[PDB]
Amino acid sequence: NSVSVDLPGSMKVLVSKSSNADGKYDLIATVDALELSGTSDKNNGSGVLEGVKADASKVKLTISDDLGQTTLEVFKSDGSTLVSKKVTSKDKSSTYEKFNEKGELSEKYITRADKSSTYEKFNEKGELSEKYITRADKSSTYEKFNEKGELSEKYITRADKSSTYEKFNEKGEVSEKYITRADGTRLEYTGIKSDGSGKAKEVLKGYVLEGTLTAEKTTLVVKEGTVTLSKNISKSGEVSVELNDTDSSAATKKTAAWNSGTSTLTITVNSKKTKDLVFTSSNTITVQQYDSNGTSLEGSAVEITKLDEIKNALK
């Protein structure tokens, strides 16, 4: 009786071989497990098919004359208030719209053939409330707008899966910023003031370092007894480390020297080197002891896995 015709979106339509009682051809398709039917002046698979869901929603499939596009609309039982609309082309691009109870646009998804995409959400006044743009390389930007139409949050994801999240205040200033590195470690800046100062945390494998942000740098601080270890991160991401001890006894006071070339802090007590702390390219810290003479490293460097081990190194 029928001939199967391939359509966009992997859809198929069955068409009658020869026109019915009038000059019309019969059409049947199943879309999302609902069987739709209609008739057409034409013989190629094009035309309009309709069905009704179990909840009385009306479904209308329009296949373009040249078979290059399908439009699938879902309406309320009135047959005219839109619930959703999906348009799909032979090149695999599509647009999908969702509507509110009044049949006004509430969400729109555009998917391109190269897999880039856009998503927009609109509020009850039809104003943009969210926008999410994804590029062909899978990087993306997601913005949320408040009721004043101003940017409230922004999340940027890069192709290498690093990302930045920013919250904005009523002055349009960044009030919080979370940076995830490509290795999964994180910087968290909170309570950021108009001078660009705020609280800072660095979230590492096994421990979190805490400190402050100023225009000049991020400074993360670990204290143990009278010793303060400070890890500085410059605006371009350069790490330097310093140590200060208020101990006044030659027997026990720590001092330290930083070698930028080897990213190593060498600690000395009573004119003898005691240990090297290496701040590695993997965002880890290793510790290695010197011999009793204070001149040669012994054993192997050991990776720090908890904050108490950093404090132990400072004792």
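All residue numbers refer to positions in the sequence shown, first residue = 1.
The stretch with the higher mean CA B factor, choosing between 36 to 44 and 262 to 270, is 36 to 44. The deposited model assigns a higher average Cα B-factor to 25 to 33 than to the other stretch when 25 to 33 and 284 to 292 are compared. Out of 210, 245, 73, 216, the entry records its largest CA B-factor for 216. Set against one another, the Cα B-factors of 236, 190, 197, 134 in the record reach their highest point at 236. For residue 126, the recorded CA temperature factor ranks within the highest third of the chain's modelled residues. When the CA B factors of the chain's modelled residues are split into thirds, the value for residue 162 lands in the middle one.
Among all modelled residues in its chain, residue 5 ranks in the highest third by Cα B-factor. Ranked against the other modelled residues of its chain, the C-alpha B-factor of residue 113 as given in the entry falls in the highest third. Remark: residue 90 belongs to the highest third of its chain, ranked by C-alpha B-factor as recorded.
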